[PDB]
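Spelled out, the chains give:
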Amino acid sequence: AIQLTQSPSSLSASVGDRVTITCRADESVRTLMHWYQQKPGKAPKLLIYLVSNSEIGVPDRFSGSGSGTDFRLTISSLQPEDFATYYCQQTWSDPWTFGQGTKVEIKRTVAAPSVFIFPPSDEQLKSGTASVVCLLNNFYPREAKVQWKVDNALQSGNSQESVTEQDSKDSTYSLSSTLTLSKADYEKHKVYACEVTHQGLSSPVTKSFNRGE
Amino acid sequence: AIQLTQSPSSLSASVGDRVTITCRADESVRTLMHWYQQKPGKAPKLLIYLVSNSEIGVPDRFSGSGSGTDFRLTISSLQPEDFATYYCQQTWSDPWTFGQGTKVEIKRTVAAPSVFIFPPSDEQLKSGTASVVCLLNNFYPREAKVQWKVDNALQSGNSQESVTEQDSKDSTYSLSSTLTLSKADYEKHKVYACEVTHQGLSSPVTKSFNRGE
Amino acid sequence: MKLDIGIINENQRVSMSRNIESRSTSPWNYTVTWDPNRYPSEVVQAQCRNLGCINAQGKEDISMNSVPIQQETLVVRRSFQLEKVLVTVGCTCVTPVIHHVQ
Amino acid sequence: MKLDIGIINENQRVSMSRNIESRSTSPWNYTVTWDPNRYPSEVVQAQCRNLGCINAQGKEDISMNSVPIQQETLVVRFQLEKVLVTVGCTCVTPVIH
Amino acid sequence: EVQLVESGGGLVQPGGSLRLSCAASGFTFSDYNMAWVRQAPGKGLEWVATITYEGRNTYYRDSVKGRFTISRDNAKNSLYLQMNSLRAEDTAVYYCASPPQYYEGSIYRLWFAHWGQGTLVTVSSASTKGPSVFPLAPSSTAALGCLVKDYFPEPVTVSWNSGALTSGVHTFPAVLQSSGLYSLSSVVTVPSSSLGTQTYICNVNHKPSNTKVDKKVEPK
Amino acid sequence: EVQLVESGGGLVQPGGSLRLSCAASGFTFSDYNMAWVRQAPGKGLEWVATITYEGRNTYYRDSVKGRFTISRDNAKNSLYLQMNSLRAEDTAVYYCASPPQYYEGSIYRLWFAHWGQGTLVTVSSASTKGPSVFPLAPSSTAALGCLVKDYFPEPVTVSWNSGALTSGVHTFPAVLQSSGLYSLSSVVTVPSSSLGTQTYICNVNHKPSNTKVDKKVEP
Ligand SMILES: *[C@@H]1O[C@H](CO[C@H]2O[C@@H](C)[C@@H](O)[C@@H](O)[C@@H]2O)[C@@H](O[C@@H]2O[C@H](CO)[C@@H](O[C@@H]3O[C@H](CO)[C@@H](O)[C@H](O[C@H]4O[C@H](CO)[C@@H](O)[C@H](O)[C@@H]4O)[C@@H]3O)[C@H](O)[C@H]2NC(C)=O)[C@H](O)[C@H]1NC(C)=O
Ligand SMILES: *[C@@H]1O[C@H](CO)[C@@H](O)[C@H](O)[C@H]1NC(C)=O
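Residues numbered from 1 in each chain as written, not as in the entry; some residues may be left out. Chains lettered and ligands numbered in written order. Heavy atoms only, no water.

(A) Region of interest: the nonpolar core. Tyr103(E), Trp111(E), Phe112(E), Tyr103(F), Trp111(F) and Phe112(F) are the most contacted members of the largest nonpolar core, which has 78 residues in total. No other element matches strand β7 (residues 80-92) of chain D, which puts 6 residues into this core. (Core = buried A, V, L, I, M, F, W, Y, C linked by side-chain atoms within 4.5 Å. Buried < 20%, exposed > 50% of the residue type's maximum accessible area, 1.4 Å probe, protein only. Helix = DSSP H or I, 4+ residues; strand = E, 2+ residues; numbered from the N terminus.)

(B) Quick look at the sheet that holds strand β3 (residues 19-25) of chain B. All names here are of chain B. If you walk across this open sheet you meet the 4 strands as β1-β3-β8-β7, and the pairing is antiparallel. Edge positions in the sheet fall to β1 (4-7) and β7 (62-66), since each has one partner strand and no second. The mean angle between the axes of side-by-side strands here comes to 20 degrees, regardless of whether they run parallel or antiparallel. Two strands pair when backbone bridges link them, and β1 and β3 are joined in this way by 4 bridges, in the antiparallel orientation. Looking at β3, one finds that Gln6 is bridged to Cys23. (Pairing = 2+ DSSP bridges. Axes fitted to C-alpha atoms, helices over the stretch in contact; angles between N-to-C directions.)

(C) View of the interface of chain F and chain B. Opposite the 41 residues of chain F that make contact, chain B presents 43 residues. A combined buried area of about 3500 Å² lies between chain F and chain B, and 64% of that area is made up of carbon and sulfur atoms. Linking chain F with chain B are 1 salt bridge. The closest approach of N and O atoms between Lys215(F) and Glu123(B), which form a salt bridge, is 3.5 Å. (Contact = heavy atoms within 4.5 Å. Buried area = accessible area lost by both parts, 1.4 Å probe. Salt bridge = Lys/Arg side-chain N within 4 Å of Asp/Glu carboxyl O.)

(D) Fine view of the environment of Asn53(B). By the secondary structure assignment, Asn53(B) is in strand β6 (residues 53-54). Here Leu50(B) takes part through its backbone oxygen, which lies 3.2 Å from a polar atom of the side chain of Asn53(B). (Polar contact = N/O pair within 3.5 Å; in protein donor to acceptor, adjacent residues only side chain to side chain.)

(E) Structural detail: the UniProt feature "disulfide bond" in chain C. With an S-S distance of 2.0 Å, the disulfide that UniProt assigns to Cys48(C) and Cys91(C) is formed in this structure. Each of the two residues, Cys48(C) as well as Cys91(C), counts as buried. (Disulfide = S-S within 2.5 Å. UniProt positions renumbered as here; feature names shortened; annotations may be inferred.)

(F) Seen up close, unusual backbone geometry. Here the amide bond leading from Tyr39(D) into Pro40(D) is cis, since omega sits at 5 degrees, within 30 degrees of zero. Structurally, the position occupied by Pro40(D) is in the loop between β2 (28-34) and β3 (42-48). The linkage connecting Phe152(E) with the following residue, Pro153(E), adopts the cis geometry, with an omega of -10 degrees. Within the secondary structure, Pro153(E) is located in the loop between β13 (142-151) and β14 (157-160). Positive phi is not limited to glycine here, since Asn19(C) has a value of about 40 degrees. Residue position: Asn19(C) is located in the loop between β1 (7-8) and β2 (28-34). Of note, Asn210(F) is a non-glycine position whose phi angle comes to about 50 degrees, a positive value. Look at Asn210(F) and you get exposed, because its relative accessible area is 72%.

Structure follows, in structure tokens:
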């Protein structure tokens with residue numbers, strides 16, 4: 001089986017930059033190299049066939065080049081909607097093979113998160129567990145620091161974070177940090193605070209509530 | 001200068017037969033051999049370019065073939081409107097040259113001539129000369145015999161004939177014999193007769209008029 | 001919008017029977033579809049026959065490729081409305097883009 | 001005859017910014033004409049660039065020929081019109097029989 | 001034009017069986033080879049199987065040989081993948097794939113010009129569990145949402161106001177909890193003014209557990 | 001679409017001069033090489049001259065070198081052939097010729113995709129003479145016609161009822177008589193029934209002698 005290796009595995013580039021992904025094969029696949037683009041939760045779309053020919057709807061900024069064992073996909077001016085994973089594929093030898101994927105992310109300017117905090121619903125407190133949710137909306141870059149504090153006591157191993165995929169229009173992320181407590185530990189305490197630190201803020205921002213109110 | 005020689009110079013075939021014309025050159029013209037079709041009194045129309053390619057409107061039955069010094073035009077099912085003279089041409093060497101022409105005629109069934117005779121007009125008799133005209137309309141083959149008789153006296157060297165080109169729809173010929181006399185001879189005798197002999201007649205046909213009436 | 005009655009050059013057409021499609025180094029086959037609800041009533045799609053190009057001997061050279069040539073056509077369908085349909089008219093032979101780093 | 005307002009697939013085109021016209025063994029050039037009384041407003045004609053085909057070296061081989069590929073299109077002028085379009089060229093081998 | 005519509009995924013226990021189907025339309029299905037391509041969660045693309053247009057030949061990848069069987073009807077314009085002896089390594093989204101319309105289908109080494117939407121196949125001994133949906137009430141530009149907690153397997157779909165509300169919506173990726181169950185939040189930002197006039201509902205659907213929920217979110 | 005329209009032929013005496021014109025239309029005249037091809041009566045085709053698109057190069061056949069001069073006006077979309085020292089071997093129909101629109105005009109070795117209608121150039125010391133047009137009256141399906149007698153040089157054209165009547169028409173080739181003048185007949189076959197209701201007119205034109213005639217034929 002021909003094993004294909006794309007370089008790099010991930011990359012960040014500003015809108016308008018030239019982006020170049022290379023795909024290298026064990027043996028020569030002789031012009032039978034194709035490229036695909038897969039956006040999150042969608043199927044792959046064909047971009048390039050037979051090294052350098054593109055399908056009817058493909059924008060002009062995508063082009064293919066290569067010969068034998070060294071092939072390359074090029075984006076001449078990266079756009080916001082080009083956030084995706086790109087795959088090469090060979091159809092020369094019968095076990096048809098894909099590259100491992102190259103994840104293309106978009107570099108943009110700092111954007112600060114807008115923060116929101118959510119108390120546990122009463123409906124849930126019936127079930128004996130309580131979830132406190134903190135939202136950081138539309139920020140860039142992905143790196144953020146979210147500390148939970150119950151009665152000014154820093155929490156440790158009781159939270160999980162989740163992040164959206166980069167927005168296809170404005171290239172921002174959003175993030176949910178979910179704090180999980182027992183209805184017991186939740187009622188012993190009063191002050192629930194989410195403290196956020198990010199490159200776009202003058203000083204960390206803290207959203208908080210008190211049981212009730 | 002490349003001299004082109006087409007074979008044969010003329011040929012006849014029945015509707016639907018396969019016809020083949022050959023064109024031979026001194027030196028190699030490679031693939032720069034072209035063919036033209038010229039119908040009577042019209043300009044040449046292009047049929048074949050670069051040995052074997054056909055212009056857009058050219059019927060499917062015309063096809064070209066050839067190599068370096070031996071080229072061939074083929075009509076796969078000869079039709080009446082294919083009556084023409086066909087010319088080859090090379091554009092390899094700088095003095096561009098044509099073949100001499102191949103005249104393609106249609107072989108069809110016998111058709112007898114419709115015969116008519118025309119007295120001299122009054123308008124003309126003023127001028128002192130008289131022309132008697134005999135018309136043979138739509139016959140095949142071309143060979144016909146037209147004898148003039150003035151008072152049952154056979155005329156000799158005082159007539160000229162003209163024949164049309166083969167008709168592009170019914171592939172027949174037509175012919176006019178014009179007999180030329182002085183208003184003197186025309187006004188002495190009285191019976192002016194045109195006698196026609198043709199492969200399509202069981203026995204010759206004689207049309208006639210008597211001066212006056 | 002009023003559609004005048006009458007079609008210029010209605011009689012002029014192109015023959016797909018020239019076997020230009022098989023004398024090509026990038027040969028192709030044809031496919032037809034008949035639809036009375038549009039004009040022309042017949043549409044001819046081309047399909048490249050090989051991935052590589054062929055020579056005079058008959059051998060496939062896969063360092064080069066047969067690729068399709070495509071044209072946007074106008075065909076009107078019925079109360080009449082234009083429709084734009086993509087037609088592959090035939091194939092040509094190309095060499096891929098090979099940059100200078102092998 | 002009444003023409004409904006609207007063009008299906010109005011948003012769809014073929015890219016000529018690929019150098020396919022120049023990487024072909026039967027390469028060709030393009031020509032444009034803008035005519036305001038018709039749709040499409042522009043009509044694109046191709047013309048084969050050589051009589052022969054070019055190889056990997058760049059040399060013309062006149063044993064084979066560049067020949068045009070042609071398709072009849074409909075173009076509106078409102079009245080229908082049929083125009084001949086040369087979309088590009090292919091490389092062919094002459095018939096030897 | 002070319003549409004491939006897959007169906008038949010879902011949850012199956014190891015060793016079990018499952019039949020995937022691909023309804024083709026917009027091309028002469030009977031003229032082109034079809035294939036299945038798979039993709040395990042967060043990983044890459046992996047060719048599974050190919051069948052020819054007549055139906056005569058079937059090629060498989062080594063991993064699935066003897067276990068999977070690719071089939072076609074050609075009359076119902078349909079491609080099939082029968083999966084038997086399923087192993088945890090077959091958990092993946094399975095894609096139906098079709099070759100280009102402008103090249104002859106007799107060509108074997110063609111690429112994948114068209115793909116279906118994909119169905120998830122989850123092979124796990126665990127039992128489906130439907131989600132609980134709690135409200136994220138907007139604490140007096142405003143933010144509110146829904147918490148979809150303690151479900152398995154994937155996926156969960158969240159819309160707002162039955163598809164009316166789409167701008168400002170952020171539906172987060174599922175995260176595995178200690179329990180081994182998934183949990184996610186879906187949030188949306190709206191004008192503070194519309195809080196008394198417009199009613200906000202998130203529509204949670206979990207096909208594996210046949211669980212639909214329309215929870216209205218409103219402040220305290 | 002492509003139209004090549006020639007003019008300027010006619011009668012010229014040996015040693016005389018004549019300038020042919022070809023009005024082009026339907027393509028970018030400025031991009032393609034143009035040529036003249038001639039054809040003497042009853043003979044074959046013979047390339048005469050070629051000119052390039054810009055105008056810088058002119059190629060001629062040996063016979064016409066020094067005598068003929070090919071020219072073009074890319075702004076009037078027009079091709080010219082100045083013919084001097086005209087000799088009896090130049091009696092011929094002269095055709096304007098254009099290359100195809102679907103190949104690049106930089107290519108020299110192109111063929112003749114399009115031809116003009118042709119003009120006859122007759123090089124002769126003899127004088128123009130207009131024809132007489134006598135009727136060939138239908139001697140009571142019937143046949144009638146027109147006799148065009150004693151004219152020079154060629155050519156004569158005959159239509160019937162100003163082009164309405166075309167089926168059954170036979171216009172014969174000119175015949176040179178002893179006098180050195182030409183004569184031809186034009187006939188048409190028609191139903192005996194229309195012979196009293198329908199009026200039949202032959203339209204003779206002889207541009208060299210500026211002779212136009214419309215003769216009605218009746219029994
Ligand atoms: C038909 O197409 C070709 C090329 O096609 C693409 O070119 C690009 C720019 C796009 O416009 C694309 O859409 C076209 O399809 C055209 O040929 C090019 O013409 C230029 C300018 O004429 C050529 O550049 C130079 O021209 C001068 C003067 O004519 C010559 O002296 C030069 O020759 C030297 O260089 C060559 C190597 O380059 C040496 O081998 C020679 O010995 C000389 O030292 C040179 O030709 C350029 O080369 C052409 N490009 C190609 C790819 O051939 C052509 O103009 C076009 N026709 C029309 C009407 O548009
Ligand atoms: C395509 O054309 C060639 C000959 O014209 C033939 O061998 C081949 O089977 C054809 N295939 C099709 C039309 O699928």
